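build the 3D model from these lines:
(chains A, B and C)
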Amino acid sequence: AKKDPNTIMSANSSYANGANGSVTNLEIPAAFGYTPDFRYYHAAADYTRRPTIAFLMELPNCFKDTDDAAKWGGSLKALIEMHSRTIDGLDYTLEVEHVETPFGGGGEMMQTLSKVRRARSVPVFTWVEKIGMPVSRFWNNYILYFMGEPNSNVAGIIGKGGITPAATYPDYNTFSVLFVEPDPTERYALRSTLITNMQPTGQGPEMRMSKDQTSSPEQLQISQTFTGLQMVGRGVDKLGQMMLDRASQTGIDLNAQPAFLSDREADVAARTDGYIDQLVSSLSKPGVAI
Amino acid sequence: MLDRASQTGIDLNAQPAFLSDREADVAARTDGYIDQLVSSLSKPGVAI
Amino acid sequence: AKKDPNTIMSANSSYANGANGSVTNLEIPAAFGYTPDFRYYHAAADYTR
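Numbers count the residues shown, from 1 in each chain, chains lettered A, B, ... in the order given. The structure is reproduced below:
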């Protein structure tokens, strides 16, 4: 219950510049020297990765031309943010490349810096199907109407007369999403990525059929890959911290939440053949006395 | 020329199936899925 | 000790021409439709090489 005052960086600067939460100090002794010191054990606590949060930032403009844009844009938000069973493919690792020339005939070489490059994100979402197959229809009809249609390679929405030109630009049929890795307390954001130009790519939903009456019915899982252009930096971290400043947890308490039933059903009260009924009506109430 | 051949009011995913019903010979055979329910299986009713 | 008279083909005709033994009728209700029927289980016997 007492740490070294220098365990935590007093202010975030240099390589910690732009960080949000508390950053541990590196210039305090570690455990892998001559011997470890028990006076600095509060500084050995390790980092553990937490799940990523997805925020919808933009909607395709094609939703507007539909008969109901509200439900298209609400369903997309719910699928991105709530129904997402898993997310994957997010990577922005660096890459350094050198060139070589021998420093004599012995075998040694001199290495000179050449270039630095960065990775590319390939978002993958996964969902679990529900009654009525809303997910399969949502994505299939999205592709069919707002993207190419296989037998003509033309969007099926253009069958309406009045769609404006400039419908081939990404703003018509693409959206954007912001991904945030939060703190264990979920108050500060440690990693972030702002991907845009996102729309389905490659294989669509499953869409296979079969007959076997002796087998057991099985579920359906949706796997979807997307496209994207990503930005990383400090402005994106500030954007993520602004996002996570919202969604505050002050006040809530799961232990103190009310139960989802306030009281027994009315039909149950009309049966009079339970535990409480025997006490209320069946047993004689003569009273207790000396 | 391209202005003609307009696509207004067209949808290739809402077009009717090229078949509207099963052939008149299929119905005559009276041995299959619907036939078993219609004539083969007993129909006593459902009483709980 | 009883089975439907239509279980065995009355005559070996059409695609069963030249057959020597008794050939089961494929027009008898089968098990893999809506439900299996116990009245036609005599016709469900298998072929073994």
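
name the nearest residue to the residue in chain A positioned nearest to chain B, ignoring sequence neighbours.
Here the residue of chain A nearest chain B is residue A:161; by CB to the nearest CB that distance is 3.7 Å. Just so you know, the C-beta spots here come from the backbone N, C-alpha and C atoms, and that holds for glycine as well. Excluding the flanking residues, the one nearest residue A:161 by CB to CB, 6 or more residues apart in numbering or on different chains is residue B:8, at 3.7 Å.

what's the local residue count around the one you found?
Using other CB atoms under 10 Å in any protein chain shown as the criterion, residue B:8 is surrounded by 9 other residues.

who touches it in this structure?
Contact partners of residue B:8, counting by CB atoms under 8 Å, 6 or more residues apart in numbering or on different chains, are A:159, A:160, A:161.

would residue A:192 count as being in a helix?
No. Counting by DSSP: H, G, I helix; E, B strand; the rest coil, residue A:192 is not part of a helix but strand.

can you name the residue of chain A nearest chain C?
For chain A, CB to the nearest CB, closest residue to chain C: residue A:213, 6.4 Å.

which SS state does that residue fall under?
coil.

state the phi and psi torsions of it.
Note on residue A:213: its backbone torsions stand at phi -80, psi -20 [degrees, to the nearest 10].

how about residue A:173?
According to degrees, to the nearest 10, residue A:173 has phi -140, psi 40.

check residue A:141 too.
Torsion angles, degrees, to the nearest 10, at residue A:141: phi -70, psi -30.

can I assume residue A:143 sits in a helix?
Yes. The assignment for residue A:143 (three-state DSSP) places it in a helix.

what is the subsequent helix or strand relative to the helix or strand residue A:72 falls within?
Per DSSP states H and E, residue A:72 falls inside helix A:69-81. Next along the chain after helix A:69-81, taking DSSP H and E as the criterion, comes strand A:86-88.

note down every partner strand of that following strand and its orientation.
strand A:124-128 (antiparallel) (DSSP bridges).

between the partner strand and helix A:69-81, how many degrees?
If you take axes from the mean of the first three to the mean of the last three CA atoms, to 10 degrees, strand A:124-128 sits at 100 degrees to helix A:69-81.

report the backbone C-alpha coordinates of strand A:124-128 in PDB.
Provided in PDB are the C-alpha atoms of strand A:124-128 (Å, rounded to 0.1, in the frame of the first residue of the first chain):
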ATOM      1  CA  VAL A 124     -12.800  -9.400 -40.300                       C
ATOM      2  CA  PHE A 125     -16.100  -9.500 -38.500                       C
ATOM      3  CA  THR A 126     -18.100 -12.500 -37.200                       C
ATOM      4  CA  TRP A 127     -21.800 -12.800 -36.300                       C
ATOM      5  CA  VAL A 128     -24.200 -15.400 -35.200                       C
END
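
how distant is the helix holding residue A:72 from the center of its chain?
Mean-position distance between helix A:69-81 and its chain equals 15 Å (CA atoms, centre = their mean, to the nearest Å).

restricting to C-alpha, output stretch A:61-68 in PDB.
Taking Å, rounded to 0.1, in the frame of the first residue of the first chain, the C-alpha atoms of stretch A:61-68 are listed here in PDB:
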ATOM      1  CA  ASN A  61     -25.100   7.800 -48.900                       C
ATOM      2  CA  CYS A  62     -27.100   5.000 -50.700                       C
ATOM      3  CA  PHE A  63     -29.200   4.500 -47.600                       C
ATOM      4  CA  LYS A  64     -30.800   7.900 -48.300                       C
ATOM      5  CA  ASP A  65     -32.300   6.800 -51.700                       C
ATOM      6  CA  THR A  66     -34.000   3.800 -50.100                       C
ATOM      7  CA  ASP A  67     -37.600   3.600 -48.800                       C
ATOM      8  CA  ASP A  68     -36.300   3.600 -45.200                       C
END
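
gap between it and the chain center?
The chain centre lies 26 Å from the centre of stretch A:61-68; the measure is CA atoms, centre = their mean.
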